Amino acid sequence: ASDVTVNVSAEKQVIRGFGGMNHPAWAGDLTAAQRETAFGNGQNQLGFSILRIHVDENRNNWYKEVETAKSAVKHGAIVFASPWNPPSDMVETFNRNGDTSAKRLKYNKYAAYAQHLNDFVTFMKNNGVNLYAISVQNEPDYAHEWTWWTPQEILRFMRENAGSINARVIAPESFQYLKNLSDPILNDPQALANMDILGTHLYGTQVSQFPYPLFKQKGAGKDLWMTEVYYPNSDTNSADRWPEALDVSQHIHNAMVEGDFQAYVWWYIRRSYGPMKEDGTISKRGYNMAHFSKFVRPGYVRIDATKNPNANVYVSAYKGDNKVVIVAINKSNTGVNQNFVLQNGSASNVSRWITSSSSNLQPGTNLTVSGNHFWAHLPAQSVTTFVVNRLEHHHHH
């Protein structure tokens, strides 16, 4: 087998966090018990560090988001919001390639719409939630059941109106990371100045389409977030299927390593194909997310690691708070011994947690680092998170 080399000094993207969507109207709000399970980081809890909520078109419905959003903030999670439709008085039908039922924001209502979004941010502030960011539109390019925007309509709003919003602005949330939706923003200095986070979803997106050269070229000082997906499917009662659920950890691995994403946000938190089952317990898919969420905390930085050392073995690594975190996925039917070589970072002790067909985030035996490396066995069809405690602690005292 080939080594994995982890270079603690070769820094990649800063991680904002991991989480999922709450939607009281569409899915039913998380209960008090479920909010603890989602946002707390104790045993049997997901440690989600990001919550997404929706901006209702009717402001008389905004109060419904408050309790779950307050619990996220209490647990130190950041909250962001995406709208699906403007208030209906601002919306018109138009002819979209023969579809006369298609809806858009009226061109003379762009200022009114920006004011609506700013009013949501204010409402949340007045209810003890300082919203981290707000989106211009959920999936403007897949809007049969909501509000369509062309790349040029998004551009005009980003130039002229987005600067009025008193919060970080996310755009354009393509359903599939279609670059035609976001290229105009990146290519227009005015619009770009008013974007804080480039957000996308990944529905049907192939891994070859996770990289984005134009964002690397033009996006300095901007964040890159994966704001909604479910994966590999939304099959009813699929969340505990093994080894299918391992596809979730691999998808996050690809988002981190191929996409350089700084946030990974699932669709509904509680759902039969989601990270929390309808009974309020964590699903196998949920434990796959928790291998990242519980350990790679906000502000950690991804670091260079051999990403695919052997067939069916996927590895990523992160550092923060005097720790190095390594997530190693084995999607084969053979347990394998894997050597982890650490560069530019002295350590002695390694703790690990393992999810497998009959075990959920369960502690394995401690390993010892000798001569700057350690061997660890990765069981067949499993994901392991290692936590390496470093020796050189800086800052103060």
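In case it trips you up, residue 1 is the first one in the sequence shown, and so on.
- The stretch with the higher mean CA B factor, choosing between 273 to 281 and 257 to 265, is 273 to 281.
- Look at the mean CA B-factor for 382 to 390 and for 11 to 19 in the entry; the higher one is 382 to 390.
- The residue among 48, 63, 353, 340 whose C-alpha atom has the highest B-factor in the PDB entry is 63.
- For the set 109, 168, 307, 222, the maximum C-alpha B-factor listed in the entry falls on 109.
- Sort the modelled residues of the chain by CA B factor and residue 205 lands in the middle third.
- In the deposited entry, the Cα temperature factor of residue 1 sits in the top third of values across the chain's modelled residues.
- Annotation for residue 123: CA B-factor lies in the highest third of the chain's modelled residues.
- Placement of the Cα temperature factor of residue 286 within the chain: lowest third of the modelled residues, per the deposited record.
- Annotation for residue 330: CA B-factor lies in the lowest third of the chain's modelled residues.
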